[PDB]
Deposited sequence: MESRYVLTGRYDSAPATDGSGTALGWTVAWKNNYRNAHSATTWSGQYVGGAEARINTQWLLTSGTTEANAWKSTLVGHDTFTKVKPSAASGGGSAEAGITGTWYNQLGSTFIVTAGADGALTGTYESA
């Protein structure tokens, strides 16, 4: 139930109150499970008061190409956490109780694991 995540973030975001653009990918394959799917989350980290990452996501499942029209779901998720680089880095979880641990690199690298 743990999967690899990888992404990128804007390592030098504007300072005017704007959020920090980011994204990441998870393919839903590990040593035990393979769902023949991948999700991508696109959003922004917003710091300050309490910290949050607001995303929209796309989940694509491998399909025959006569079923390709029904292959992609869309949704939104909001993550709360338990310098863009230090603010993103850590442990986050969502509404449904999924969890992800991220490390934000100085170069714009995002790396970690997503737990379902």
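According to the record, C-alpha coordinates are lacking for deposited residues 1-2, 85-93, 128.
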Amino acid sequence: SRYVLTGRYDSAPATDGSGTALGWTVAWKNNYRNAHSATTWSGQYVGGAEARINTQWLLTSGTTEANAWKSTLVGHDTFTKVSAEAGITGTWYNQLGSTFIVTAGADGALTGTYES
From here on, numbers count along this sequence of modelled residues.
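With 103-111 and 20-28 compared on mean CA B-factor from the PDB entry, the stretch scoring higher is 103-111.
In this entry, 93-101 shows the higher mean Cα temperature factor of the pair 93-101 and 6-14. Of the candidates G62, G43, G48, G75, the deposited coordinates give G48 the top C-alpha B factor.
Of the candidates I53, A86, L58, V82, it is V82 whose Cα B-factor is highest according to the PDB record.
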